[PDB]
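Read through the structure below, which is laid out as structure tokens, and then see the notes.
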Amino acid sequence: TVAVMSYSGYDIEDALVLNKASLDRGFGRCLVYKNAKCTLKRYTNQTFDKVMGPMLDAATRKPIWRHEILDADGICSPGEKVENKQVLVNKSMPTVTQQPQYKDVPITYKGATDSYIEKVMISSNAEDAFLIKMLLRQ
Amino acid sequence: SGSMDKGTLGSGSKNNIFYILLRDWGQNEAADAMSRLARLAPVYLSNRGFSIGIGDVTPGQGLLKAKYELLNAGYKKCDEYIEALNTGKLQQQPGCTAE
Amino acid sequence: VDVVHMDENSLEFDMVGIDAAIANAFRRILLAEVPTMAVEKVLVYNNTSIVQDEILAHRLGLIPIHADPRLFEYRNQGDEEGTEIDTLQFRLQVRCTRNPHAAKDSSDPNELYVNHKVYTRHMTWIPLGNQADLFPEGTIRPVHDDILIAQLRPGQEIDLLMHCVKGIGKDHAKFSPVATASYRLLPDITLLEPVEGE
Amino acid sequence: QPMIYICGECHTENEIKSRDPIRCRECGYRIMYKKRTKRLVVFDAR
Amino acid sequence: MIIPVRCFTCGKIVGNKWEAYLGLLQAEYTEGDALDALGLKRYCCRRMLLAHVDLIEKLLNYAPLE
Amino acid sequence: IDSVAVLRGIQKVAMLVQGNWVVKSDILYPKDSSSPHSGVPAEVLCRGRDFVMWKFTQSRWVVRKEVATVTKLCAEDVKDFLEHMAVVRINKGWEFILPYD
Ligand SMILES: [Zn+2]
Ligand SMILES: [Zn+2]
């Protein structure tokens, strides 16, 4: 519902004044969906990327804050809210360049604002690679 | 006397009252007056009301008669010069071809 | 003051002899400064519907609650739990399932499924403290009894918990008690010359 | 306790604890979806 | 996706008129008679039902189920 | 054409209803067809069509508001099927599109 008039002087050059009550009721309400994907591969040597479980705090029987939203498989769980510098997939990879020794390579949510996880997709390719895709919502 | 137009309050050219204030009373006086105009004129205009509508561009009957006469007169003068080029004499203006 | 019409949810009345600077104050208070009870927090357990949780929480906010706002205080800053004095609570819980019997054509949802539409009548009031004695049954309800919130398919589930608190409409527009409040000056169309004939 | 993943095509619980290639138990579908979290999340109704 | 609970412009509860509006259109009312029968006097409420698209009725086919 | 014997062919594919020909059910959908429209899927049920064209054979028209409840199927089926043979008048269903030859 547009009134074509000059109101408040905050509309001098193409700027348009909106109504607060209309925005509260749902005018212009939008959703932004973003991706995050991780690939776990099987190398030429018989070694593999892996997802470690959440690293618990031994003193409090709860995961550390950077791991707060990880499920027991080390992949983030649908419904929970991610915040900046929090891990989504607790990936570790071999530094082969006698037993394996692993360096942590976590997929982490960089983003100035908080996002919610809607679904986590797990599928595999013929080469025994494991593919994980996260759908994120704001 | 006189209303304030673009030529007196705007950016186009001199004879601007803010330019007079700048050159005669200093930089701070010009900047204050601009801030006062930016504050005062929205308070008037938003409580006067100012709007454009389809009735502000609709041609009245005094134009629709005039426009019909102009088109008929202008097209018939063109049609005669068309005939004067293809099938007669056209007064060829100096320095240009007949077309 | 002349009251010219009044029924359920509507009122028209005339004020004579007051100025615009005071009648407009009454218009603005009714929009923005008269308080009501509305949902601010939703605690979601197992939402599996297609409706996004942030969208569902926005919808549940806008449902008007029949609670009389004079009997409740403002919840203090912080204070995530709240108490008997200053919050109500509602519980929405709907599971959608297939109908065990259906005709072979099976075309329409209203036969195939049960609870495939969530309506505001599924909101159950959950009393805190002595509220169950202060309010007779049915006083604390959603007003309309027919507002669609979500819409389901079998296997999908909604379970949540709402916290209604008190607030004014200047804060958020789900607190305003009026559909619209406005006024108009009264016309007096007068005939300067007698108009007869056709 | 074992992780349960939900099949994309037929919505059937598969419980893929073992390091087997991803594959549905009842049907041939090879895409799996994680289930929703048990923990509560609070949303402002705004 | 789904009918908004309140009209954006004034806040009348139009979110409960939708299942009625589709019903009256089966009884072959016109749109302008159907909205008048529900009480939508102002045109800002009328466009809520008149311009709505019922997307959730069609997204819910693709949606997973037992 | 052999315009007398051929009716034993035409009887298998069209039957005369209200002064005009009407297509038979088996030409449009055999019994495993999926829904032809969007919205909620539905299964084929040819007698859910044949009953409608039967009502046009006995009555003047289909004349009442909520036949979709009696035959149970979607309004999105009935009002779409009807739309290939008729045009709407207010409240009284549909109008037969061509005159009574
Ligand atoms: Zn499967
Ligand atoms: Zn409205």
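Chains: A, B, ... in order of the structure tokens. Residues: from 1 per chain. Ligands: from 1, in order shown.
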Which residues of chain E sit at most 12 Å from chain D, using only C-alpha atoms? Give each one's shortest atom pair and distance in Å (one decimal place), in chain and ascending residue order, as CSV.
residue,atom,partner,partner_atom,distance
E:62,CA,D:9,CA,10.6
E:63,CA,D:8,CA,10.2
E:64,CA,D:11,CA,6.8
E:65,CA,D:11,CA,6.4
E:66,CA,D:11,CA,5.7
Can you check which parts of chain A lie within 8 Å of chain C? Per residue, the shortest pair of atoms and distance in Å to one decimal, counting only C-alpha atoms, sorted by chain and number, as CSV.
residue,atom,partner,partner_atom,distance
A:20,CA,C:173,CA,7.8
A:21,CA,C:173,CA,5.2
A:24,CA,C:173,CA,5.9
A:25,CA,C:173,CA,7.1
Expected file: the selected residues, N, CA and C atoms, as a PDB file, in the first residue's frame:
ATOM      1  N   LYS A  20       6.920   0.351  10.407  1.00  0.00           N
ATOM      2  CA  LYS A  20       7.420  -0.613  11.385  1.00  0.00           C
ATOM      3  C   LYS A  20       6.420  -1.725  11.639  1.00  0.00           C
ATOM      4  N   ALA A  21       5.133  -1.393  11.680  1.00  0.00           N
ATOM      5  CA  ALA A  21       4.121  -2.394  11.975  1.00  0.00           C
ATOM      6  C   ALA A  21       3.951  -3.382  10.832  1.00  0.00           C
ATOM      7  N   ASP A  24       6.888  -5.881  11.109  1.00  0.00           N
ATOM      8  CA  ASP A  24       6.634  -6.807  12.204  1.00  0.00           C
ATOM      9  C   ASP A  24       5.646  -7.896  11.814  1.00  0.00           C
ATOM     10  N   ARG A  25       4.638  -7.550  11.029  1.00  0.00           N
ATOM     11  CA  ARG A  25       3.644  -8.518  10.604  1.00  0.00           C
ATOM     12  C   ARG A  25       4.129  -9.425   9.486  1.00  0.00           C
TER      13      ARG A  25
END
>> So that I can check the surroundings of stretch 34-40 of chain A, please list as a VMD selection string every protein, DNA and RNA residue that reaches within 9 Å of it, counting only C-alpha atoms and ignoring chain neighbours fewer than 5 positions away.
In response: chain A and resid 48 to 51 88 to 89 91 93 107 109 128 to 138
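The space separating atom CA of residue E:9 from atom CA of residue A:17 comes to 14.1 Å.
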> Using the chain letters and numbers from this document, which residues of stretch 8-56 of chain C does DSSP assign to helix (DSSP H, G or I), as an MDAnalysis selection string?
Replying inline: chainID C and resid 20:32 53:56
Would you put the residues from that selection into a file with N, CA and C atoms, as a short mmCIF file (atom, residue, chain, number, x, y, z; two decimals), in the first residue's frame?
data_model
loop_
_atom_site.label_atom_id
_atom_site.label_comp_id
_atom_site.auth_asym_id
_atom_site.auth_seq_id
_atom_site.Cartn_x
_atom_site.Cartn_y
_atom_site.Cartn_z
N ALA C 20 -8.07 18.33 17.69
CA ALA C 20 -7.23 17.35 17.00
C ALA C 20 -5.99 16.95 17.79
N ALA C 21 -5.36 17.90 18.48
CA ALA C 21 -4.17 17.60 19.27
C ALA C 21 -4.42 16.66 20.45
N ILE C 22 -5.67 16.40 20.82
CA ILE C 22 -5.99 15.48 21.90
C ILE C 22 -6.67 14.22 21.37
N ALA C 23 -7.53 14.36 20.36
CA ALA C 23 -8.11 13.20 19.70
C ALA C 23 -7.05 12.35 19.01
N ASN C 24 -6.02 12.98 18.45
CA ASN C 24 -4.92 12.21 17.88
C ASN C 24 -4.08 11.53 18.95
N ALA C 25 -4.05 12.07 20.17
CA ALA C 25 -3.38 11.38 21.26
C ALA C 25 -4.09 10.08 21.62
N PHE C 26 -5.42 10.09 21.65
CA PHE C 26 -6.18 8.88 21.91
C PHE C 26 -5.98 7.84 20.81
N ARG C 27 -5.93 8.28 19.55
CA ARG C 27 -5.63 7.38 18.43
C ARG C 27 -4.26 6.72 18.59
N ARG C 28 -3.26 7.50 18.98
CA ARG C 28 -1.90 6.98 19.11
C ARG C 28 -1.71 6.07 20.31
N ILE C 29 -2.40 6.31 21.43
CA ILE C 29 -2.29 5.43 22.58
C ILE C 29 -2.86 4.05 22.27
N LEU C 30 -4.02 4.01 21.62
CA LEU C 30 -4.68 2.75 21.26
C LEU C 30 -3.84 1.92 20.31
N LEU C 31 -3.10 2.56 19.41
CA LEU C 31 -2.20 1.83 18.52
C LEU C 31 -0.98 1.31 19.27
N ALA C 32 -0.34 2.16 20.07
CA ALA C 32 1.03 1.91 20.49
C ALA C 32 1.27 1.74 21.98
N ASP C 53 11.26 -22.93 11.74
CA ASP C 53 11.04 -22.65 13.15
C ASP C 53 10.95 -21.15 13.43
N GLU C 54 11.76 -20.36 12.73
CA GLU C 54 11.71 -18.91 12.84
C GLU C 54 10.44 -18.34 12.25
N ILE C 55 9.87 -19.00 11.24
CA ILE C 55 8.60 -18.56 10.67
C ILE C 55 7.43 -18.98 11.56
N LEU C 56 7.51 -20.19 12.13
CA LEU C 56 6.49 -20.68 13.05
C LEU C 56 6.42 -19.84 14.31
#
> Can you list, as a PyMOL selection string, every protein, DNA or RNA residue that comes within 12 Å of residue C:111 when you count only C-alpha atoms, leaving out same-chain residues fewer than 6 positions away?
Replying inline: (chain C and resi 97-105) or (chain F and resi 69+72-74)
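All residues of protein, DNA or RNA that reach within 12 Å of residue E:36, judged by only C-alpha atoms and not counting those fewer than 3 positions away in the chain, are residues 17, 21, 24, 29, 30, 31, 32, 33, 39, 40, 41, 42, 43, 45, 46 and 49 of chain E.
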Just write the chosen residues, C-alpha atoms, as a PDB file, in the first residue's frame.
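File written: selection_0.pdb
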ATOM      1  CA  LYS E  17     -10.470 -16.520   6.398  1.00  0.00           C
ATOM      2  CA  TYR E  21     -12.618 -18.285   1.102  1.00  0.00           C
ATOM      3  CA  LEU E  24     -17.207 -20.101  -0.916  1.00  0.00           C
ATOM      4  CA  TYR E  29     -19.357 -16.830  -5.595  1.00  0.00           C
ATOM      5  CA  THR E  30     -17.253 -14.270  -7.361  1.00  0.00           C
ATOM      6  CA  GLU E  31     -14.109 -13.076  -5.602  1.00  0.00           C
ATOM      7  CA  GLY E  32     -15.662  -9.694  -4.876  1.00  0.00           C
ATOM      8  CA  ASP E  33     -18.728 -11.300  -3.327  1.00  0.00           C
ATOM      9  CA  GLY E  39     -15.957  -8.855   6.283  1.00  0.00           C
ATOM     10  CA  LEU E  40     -12.935  -7.518   4.390  1.00  0.00           C
ATOM     11  CA  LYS E  41     -14.092  -3.933   3.856  1.00  0.00           C
ATOM     12  CA  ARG E  42     -10.702  -2.281   3.327  1.00  0.00           C
ATOM     13  CA  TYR E  43      -8.730  -3.240   0.247  1.00  0.00           C
ATOM     14  CA  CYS E  45      -7.175  -6.897   3.770  1.00  0.00           C
ATOM     15  CA  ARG E  46      -8.764  -7.940   0.467  1.00  0.00           C
ATOM     16  CA  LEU E  49      -6.666 -13.441   0.117  1.00  0.00           C
TER      17      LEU E  49
END
>> If I take atom CA of residue E:23 and atom CA of residue F:65, how far is one from the other in Å, to one decimal?
In response: 10.2 Å
> Any idea what the distance is between atom CA of residue C:160 and atom CA of residue C:122?
Replying inline: 11.3 Å
> If we count only C-alpha atoms, which residues of chain E reach to within 10 Å of chain A? Please list them as an MDAnalysis selection string.
Replying inline: chainID E and resid 4:11 43:44
>> Can you tell me which residues surround residue F:62 at a distance of at most 8 Å, considering only C-alpha atoms, apart from same-chain residues fewer than 3 positions away, and format the answer as a ChimeraX atom specification?
In response: /F:52,55-56,59,92-94
Please save C-alpha atoms of the selected residues as a PDB file, in the first residue's frame.
ATOM      1  CA  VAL F  52     -20.862 -37.096 -13.532  1.00  0.00           C
ATOM      2  CA  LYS F  55     -26.020 -37.127 -14.053  1.00  0.00           C
ATOM      3  CA  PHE F  56     -25.970 -34.993 -17.216  1.00  0.00           C
ATOM      4  CA  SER F  59     -31.015 -34.277 -15.022  1.00  0.00           C
ATOM      5  CA  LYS F  92     -25.777 -23.326 -10.685  1.00  0.00           C
ATOM      6  CA  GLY F  93     -22.616 -25.211 -11.668  1.00  0.00           C
ATOM      7  CA  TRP F  94     -21.758 -25.149 -15.346  1.00  0.00           C
TER       8      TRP F  94
END
> Any idea which chain C residues end up within 7 Å of chain F if we count only C-alpha atoms, as a ChimeraX atom specification please?
Replying inline: /C:105-108
> Skipping near chain neighbours, those fewer than 6 positions away, what residues fall within 7 Å of residue C:168 using only C-alpha atoms, listed as an MDAnalysis selection string?
Replying inline: chainID C and resid 32:36 175:176
> Within 8 Å of chain B, which residues of chain A show up when using only C-alpha atoms, listed as JSON, numbers by chain?
Replying inline: {"A": [4, 5, 6, 7, 8, 9]}
For the selection you just gave me, I'd like the residues written to a file as a compact mmCIF listing (two decimals), in the first residue's frame, keeping N, CA, C and O atoms.
# COMPACT_ATOMS: atom_id res chain seq x y z
N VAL A 4 2.09 8.01 -2.27
CA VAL A 4 3.10 8.78 -2.99
C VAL A 4 3.09 10.18 -2.40
O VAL A 4 2.31 11.03 -2.79
N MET A 5 3.97 10.43 -1.43
CA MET A 5 4.08 11.75 -0.82
C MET A 5 5.49 11.97 -0.30
O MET A 5 6.32 11.07 -0.32
N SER A 6 5.76 13.21 0.11
CA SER A 6 7.05 13.58 0.69
C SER A 6 6.92 13.53 2.20
O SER A 6 6.18 14.33 2.78
N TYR A 7 7.63 12.61 2.82
CA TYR A 7 7.53 12.42 4.26
C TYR A 7 8.90 12.29 4.90
O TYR A 7 9.73 11.51 4.43
N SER A 8 9.14 13.13 5.90
CA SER A 8 10.23 13.11 6.88
C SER A 8 11.58 13.54 6.35
O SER A 8 12.52 13.61 7.13
N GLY A 9 11.71 13.87 5.07
CA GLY A 9 13.01 14.19 4.52
C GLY A 9 14.07 13.11 4.46
O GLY A 9 15.18 13.39 4.00
>> Counting only C-alpha atoms, a student should be able to say which residues of chain D come within 7 Å of chain C; what is the right answer, written as a PyMOL selection string?
In response: chain D and resi 36+38+40-46
Output file for the selection above: N, CA and C atoms, as a CSV table (one decimal), in the first residue's frame:
chain,number,residue,atom,x,y,z
D,36,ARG,N,16.7,-34.8,13.6
D,36,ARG,CA,16.7,-33.6,14.3
D,36,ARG,C,17.2,-33.8,15.8
D,38,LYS,N,17.7,-33.6,19.8
D,38,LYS,CA,16.9,-33.8,20.9
D,38,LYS,C,16.8,-32.5,21.8
D,40,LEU,N,16.5,-28.8,23.2
D,40,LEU,CA,15.6,-27.7,22.9
D,40,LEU,C,16.3,-26.4,22.4
D,41,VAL,N,15.7,-25.7,21.5
D,41,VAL,CA,16.2,-24.4,21.0
D,41,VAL,C,15.0,-23.4,21.2
D,42,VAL,N,15.4,-22.2,21.8
D,42,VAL,CA,14.4,-21.2,22.1
D,42,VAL,C,14.5,-20.1,21.0
D,43,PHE,N,13.3,-19.7,20.5
D,43,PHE,CA,13.2,-18.7,19.5
D,43,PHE,C,12.4,-17.5,20.0
D,44,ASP,N,12.8,-16.3,19.7
D,44,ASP,CA,12.0,-15.1,20.0
D,44,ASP,C,10.9,-15.0,19.0
D,45,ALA,N,9.7,-14.8,19.5
D,45,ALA,CA,8.5,-14.7,18.6
D,45,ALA,C,8.4,-13.3,18.1
D,46,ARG,N,9.3,-12.9,17.2
D,46,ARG,CA,9.4,-11.6,16.6
D,46,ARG,C,9.6,-11.6,15.1
> For chain C, which residues have at least one atom within 7 Å of chain E, if we go by only C-alpha atoms? Write them as a ChimeraX atom specification, please.
Replying inline: /C:59,62,146-148,153-155,179-180
>> Distance limit 6 Å, atoms considered: only C-alpha atoms. Which chain D residues sit that close to chain A? Return them as a PyMOL selection string.
In response: chain D and resi 22+31-34+36-37
Pull C-alpha atoms from the residues just selected and write them as a compact mmCIF listing (two decimals), in the first residue's frame.
# COMPACT_ATOMS: atom_id res chain seq x y z
CA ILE D 22 26.23 -45.71 2.47
CA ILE D 31 21.45 -40.68 0.26
CA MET D 32 21.02 -40.34 4.04
CA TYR D 33 19.71 -37.50 6.22
CA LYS D 34 20.50 -36.87 9.89
CA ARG D 36 16.66 -33.59 14.34
CA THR D 37 18.41 -32.77 17.62
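Running DSSP on the backbone and keeping only strand (DSSP E), the residues of chain F that qualify are residues 14, 15, 16, 17, 20, 21, 22, 23, 86, 87, 88, 94, 95 and 96 of chain F.
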Store the residues picked out above in a file with C-alpha atoms, as a short mmCIF file (atom, residue, chain, number, x, y, z; two decimals), in the first residue's frame.
data_model
loop_
_atom_site.label_atom_id
_atom_site.label_comp_id
_atom_site.auth_asym_id
_atom_site.auth_seq_id
_atom_site.Cartn_x
_atom_site.Cartn_y
_atom_site.Cartn_z
CA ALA F 14 -18.16 -42.03 -28.15
CA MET F 15 -21.75 -42.06 -26.91
CA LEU F 16 -24.43 -39.43 -27.51
CA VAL F 17 -25.41 -37.36 -24.44
CA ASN F 20 -24.14 -34.24 -28.72
CA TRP F 21 -21.24 -36.67 -28.61
CA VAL F 22 -19.23 -37.15 -25.40
CA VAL F 23 -15.84 -38.90 -25.21
CA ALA F 86 -18.64 -26.44 -19.99
CA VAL F 87 -18.60 -22.81 -18.80
CA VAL F 88 -19.64 -21.57 -15.33
CA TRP F 94 -21.76 -25.15 -15.35
CA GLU F 95 -23.42 -24.37 -18.69
CA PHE F 96 -23.42 -26.89 -21.54
#
